[PDB]
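S.K.: just the first chains of my complex for now:
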Amino acid sequence: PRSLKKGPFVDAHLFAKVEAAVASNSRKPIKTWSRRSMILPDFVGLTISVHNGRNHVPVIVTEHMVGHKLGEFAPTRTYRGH
Amino acid sequence: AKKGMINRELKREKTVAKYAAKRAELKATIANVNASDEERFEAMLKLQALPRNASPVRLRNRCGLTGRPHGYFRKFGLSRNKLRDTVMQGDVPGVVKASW
Amino acid sequence: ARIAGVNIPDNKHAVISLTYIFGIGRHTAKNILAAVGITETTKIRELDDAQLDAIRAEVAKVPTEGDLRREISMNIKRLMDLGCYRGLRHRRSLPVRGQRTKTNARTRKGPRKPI
Amino acid sequence: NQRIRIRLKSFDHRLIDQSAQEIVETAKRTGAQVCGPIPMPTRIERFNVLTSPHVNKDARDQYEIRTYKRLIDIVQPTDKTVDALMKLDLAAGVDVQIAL
């Protein structure tokens, strides 16, 4: 994991979007390719469409997912069995 | 290698050289202990806001003659094929077949 | 002797016997014994009832068997419900920490299943 | 209390020996005392180069390159000593470092 002395990593373009939405109260999803951004407490209550390689999967941020990377909720491989 | 890949490598070296000084300055400001926490946070933000190609970790050593990205041998600056050719021709000073 | 609802061996050294409890390892056994002032080489059967009571009082500070097993169960269940990548791996009973699955996943996958 | 320290580095021990002999002879001729030459341990670098262009891992050439070092000490240097040493020619393939 990222060192604690550096703090959590969030992309600036995504952070500005969530900050604008929270300053306002827009409910439309925020579309992003930033799978590597960490979910912050401010993220709670928002819908983020995370790119998974080919599509944008919507994720509704609940309190329990604070501290996860955004990409953990958008799987990138397809598998159903053999 | 392809001309596009060689030109990509050249452009990356150019960007690293262009942004070398400011990156070092921001890293020093981050490492500063006498600096304010807000100052170090702003330095980190600017470092993350720098262009990606400014980072030296994205450079890949390529053969100075052909551009091959495997088997580089930092000391000679040539990949293994051209190194073998040049050594066996005798244009590399001091290098001889090794036996012991 | 019965400690934390477990019958730990009587003929072994205390530092080894105390690791028979779930949630206690060698380091934790050393820490427990050092804080009640019992040498590590004393066997459990050579212990006074007050010494065993002190050991029980010390063990109560560490989550040991039922609380620990329930805590691990809730931790796994939370991921499985949340549906994150680790939860999906837990559902499929596949390696969770990035190991290869093309070969050598037998600990998580169990014995081989013929086609 | 002036002592001249000369260090010779080369890839060819015959060349380094010739240069050391020349320096010692010149210093002895100029009427100065000389200690050396002292042979320092040699550096050997080895490389394994695949010879086939595509796939033969057991088919490689093993090359080596050696760095030879010699040390020369001049004590009680006469006036003509320094001028003679500076007038001495620099042979290609031998690096000469002088310390006072």
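M.R.: That came in fine, so what should we check first? Numbers count the residues shown, from 1 in each chain, chains lettered A, B, ... in the order given.

S.K.: drop to CA atoms for contacts and neighbour counts, all remaining ones
M.R.: Noted.

S.K.: other SSEs contacting the helix or strand where residue C:57 lies?
M.R.: Residue C:57 belongs to helix C:49-59 when assigned by DSSP states H and E. Other helices and strands packing on helix C:49-59, by 3 or more Cα pairs under 8 Å, 6 or more residues apart in numbering or on different chains; DSSP states H and E, are helix C:26-34.

S.K.: who's in contact with the helix it packs on?
M.R.: Residues from elsewhere that reach helix C:26-34 (Cα atoms under 8 Å, 6 or more residues apart in numbering or on different chains): C:15-16, C:18-19, C:39-40, C:55, C:58-59.

S.K.: correct me if wrong: residue B:13 contacts residue B:59.
M.R.: Yes: using Cα atoms under 8 Å, residue B:13 is in contact with residue B:59, at 7.1 Å.

S.K.: who's more crowded, those two?
M.R.: residue B:13 (18 against 15; other Cα atoms under 10 Å in any protein chain shown).

S.K.: any idea how far that one is from residue B:57?
M.R.: Distance check for residue B:13 against residue B:57: by Cα to Cα, to the nearest Å, it reads 11 Å.

S.K.: then residue C:34?
M.R.: Distance check for residue C:34 against residue B:57: by Cα to Cα, it reads 49 Å.

S.K.: what of residue B:6?
M.R.: Distance of residue B:6 to residue B:57, given as Cα to Cα: 17 Å.

S.K.: which parts of the longest helix anywhere in chain C are buried?
M.R.: Looking across chain C with DSSP state H, the single longest helix is helix C:66-82. Under the neighbour-count criterion of 16 or more other Cα atoms under 10 Å in any protein chain shown, helix C:66-82 has C:79-80 buried.

S.K.: sorry, back to before: with neighbour numbers in mind, choose between residue B:6 and residue B:57.
M.R.: Counted by other Cα under 10 Å, residue B:6 and residue B:57 do not tie: residue B:6 has more neighbours, with 15 against 9.

S.K.: and the residue of chain A found nearest chain B, how many neighbours?
M.R.: Here chain A gets closest to chain B at one residue, residue A:12, 7.8 Å apart by Cα to the nearest Cα. Neighbour count for residue A:12, taken as other Cα under 10 Å: 12.

S.K.: what does the one 10 residues further on give?
M.R.: Neighbours of residue A:22 under the rule other Cα under 10 Å: 16.

S.K.: throw chain E on there as well:
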Amino acid sequence: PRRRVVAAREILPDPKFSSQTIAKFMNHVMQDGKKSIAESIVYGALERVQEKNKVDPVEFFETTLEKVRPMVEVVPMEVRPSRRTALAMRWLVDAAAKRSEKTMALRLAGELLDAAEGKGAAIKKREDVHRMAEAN
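M.R.: One more chain to add, chain E, which I have set with the ones above:
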């Protein structure tokens, strides 16, 4: 080989008893180059047999080795002198491995005493080879 005859590799006598027999026994006992451990194992047995019953350590070992020595191969053939000792040492090592005691040295000494008195998996195996020899 095929065309050559390889000269036998002469091993030095042990530095304590100057006995090539004990040195060869140590070589048979030793595993993956750990000579000192095998030395301890063999010397412990040699000292312990002396305490248990007073004989010369070399002489007692030689007598027991002669007792365990076979004389027939397998089509019958007699064993050459070298293979007699070579096969007795292996049998005495293998059989002494399986008796239960605290140290390997004590097991080795115990079966040395046992084979001196005619009981041991070694001389059962010797009599089994004798049976198979009588078979043909």
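
S.K.: again for the neighbour count of residue A:12, chain E present now?
M.R.: Residue A:12 has 12 nearby residues by other Cα under 10 Å.

S.K.: can you check residue E:39 too?
M.R.: For residue E:39, the count of nearby residues is 19 (other Cα under 10 Å).

S.K.: quick check: phi and psi at the residue lying closest to residue A:51 once chain neighbours are set aside.
M.R.: Nearest-residue entry for residue A:51: residue A:33, 4.9 Å, with adjacent residues in sequence omitted and distances by Cα to Cα, 6 or more residues apart in numbering or on different chains. Residue A:33 adopts backbone torsions of phi -100, psi 0, taken as degrees, to the nearest 10.

S.K.: likewise for residue D:48?
M.R.: phi -120, psi 120.

S.K.: in the sheet, who's paired with it?
M.R.: residue D:62 (DSSP bridges).

S.K.: got a list of what it touches?
M.R.: D:60-63.

S.K.: same thing but at 10 Å, please
M.R.: B:73, B:80, B:84, B:98, D:59-64 (Cα atoms under 10 Å, 6 or more residues apart in numbering or on different chains).

S.K.: can you check residue D:61 too?
M.R.: Neighbouring residues of residue D:61 by Cα under 10 Å, 6+ apart: B:84, B:88, B:97-98, D:47-51.

S.K.: could you do residue E:15 as well?
M.R.: The neighbours of residue E:15, taking Cα under 10 Å, 6+ apart as the test, are residue E:23.

S.K.: returning to what we had before: any chance of the contacts of residue D:61 in JSON lines, plus distance to residue C:49?
M.R.: Below are these laid out as JSON lines (distance: Cα to Cα, whole Å):
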{"residue": "B:84", "distance to residue C:49": "80"}
{"residue": "B:88", "distance to residue C:49": "84"}
{"residue": "B:97", "distance to residue C:49": "79"}
{"residue": "B:98", "distance to residue C:49": "76"}
{"residue": "D:47", "distance to residue C:49": "71"}
{"residue": "D:48", "distance to residue C:49": "71"}
{"residue": "D:49", "distance to residue C:49": "73"}
{"residue": "D:50", "distance to residue C:49": "74"}
{"residue": "D:51", "distance to residue C:49": "77"}
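
S.K.: just the buried ones from those residues?
M.R.: Here, 16+ other Cα under 10 Å leaves B:84, D:49-51 buried among the contacts of residue D:61.

S.K.: with distance to residue E:68 and secondary structure added, can I get those in CSV?
M.R.: Converted to CSV, the buried ones among the contacts of residue D:61 look like this (distance: Cα to Cα, whole Å; DSSP: H, G, I helix; E, B strand; the rest coil):
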residue, distance to residue E:68, secondary structure
B:84, 64, helix
D:49, 59, strand
D:50, 58, strand
D:51, 60, coil
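
S.K.: following sequence is chain F, add it:
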Amino acid sequence: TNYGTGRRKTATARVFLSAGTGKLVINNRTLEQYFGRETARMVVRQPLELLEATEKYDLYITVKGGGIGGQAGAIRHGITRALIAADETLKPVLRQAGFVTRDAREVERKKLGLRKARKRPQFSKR
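M.R.: Alright, chain F goes in next:
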């Protein structure tokens, strides 16, 4: 008084022989203090024991390189050479014992394509 140099497996021993009661020092240490295993101690004492002069001489020995066995062999070789220097008439006996020969055996280099000097990777024709 007399000097000898012994070599065995990258181990070199300098031996200084004199006339004395039997004192023996290796690297400012006693023989028992320096060598842990009995056979190393016995190999060092082999030449003087053979000559029956264990109490006739005093030894000052230093040694560097190699391991315990190599150092013991080097010390024995150096003692033999020092005895040869002290008296040339002792050479036939020591050569008969075999102490004069320098053991030239050395570690063989690893070779390209092999796991070791001789060991080869496992082969599968199937």
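
S.K.: so, what packs on helix C:49-59 revisited with chain F in the model?
M.R.: On a contact count with 3 or more Cα pairs under 10 Å, 6 or more residues apart in numbering or on different chains; DSSP states H and E, helix C:49-59 meets strand C:2-3, helix C:26-34.

S.K.: looking at these, spot the one closest to residue F:84.
M.R.: Residue F:84 sits nearest to helix C:26-34 of all the helices and strands packed on helix C:49-59, at 61.2 Å, using Cα to Cα.

S.K.: okay, the angle between the closest one and helix C:49-59?
M.R.: For helix C:26-34 against helix C:49-59, the angle by axes from the mean of the first three to the mean of the last three Cα atoms, to 10 degrees is 130 degrees.

S.K.: nearest residue to the middle of chain A?
M.R.: Most central in chain A under Cα atoms, centre = their mean is residue A:70, positioned 3.6 Å from the mean C-alpha point.

S.K.: related to what we said a few turns ago, for the helix holding residue C:57, buried residues please.
M.R.: Quick answer for helix C:49-59 (16+ other Cα under 10 Å): C:52, C:54-55, C:59.

S.K.: got it, and stretch B:27-39?
M.R.: Going by neighbour count (16+ other Cα under 10 Å), the buried part of stretch B:27-39 is B:29-30.

S.K.: how long is that stretch from one end to the other?
M.R.: Distance between the two ends of stretch B:27-39: 12 Å, counting by Cα to Cα.

S.K.: which residues are contacting that stretch?
M.R.: The set of residues external to stretch B:27-39 that reach it, using Cα under 10 Å, 6+ apart, is A:6, B:22-26, B:40-45, B:47.

S.K.: let's see it at 6 Å
M.R.: Stretch B:27-39 is contacted from outside by residue B:40, using Cα atoms under 6 Å, 6 or more residues apart in numbering or on different chains.

S.K.: what about residue 64, how many residues nearby?
M.R.: Picked chain A for this. Residues lying near residue A:64 (other Cα under 10 Å) number 12.

S.K.: sorry, I should have been clearer: chain D.
M.R.: If you count neighbours by other Cα under 10 Å, residue D:64 ends up with 15.

S.K.: name the nearest residue to residue C:20, ignoring sequence neighbours.
M.R.: Looking at residue C:20 with Cα to Cα, 6+ apart, the closest residue is residue C:8, at 6.1 Å.

S.K.: what's the distance between the one you found and chain D?
M.R.: Residue C:8 sits 57 Å away from chain D, going by Cα to the nearest Cα, to the nearest Å.

S.K.: which residues does the longest helix belonging to chain B contact?
M.R.: For chain B, the helix with the greatest residue count under DSSP H is helix B:3-18. Helix B:3-18 is contacted from outside by B:53-54, using Cα under 6 Å, 6+ apart.
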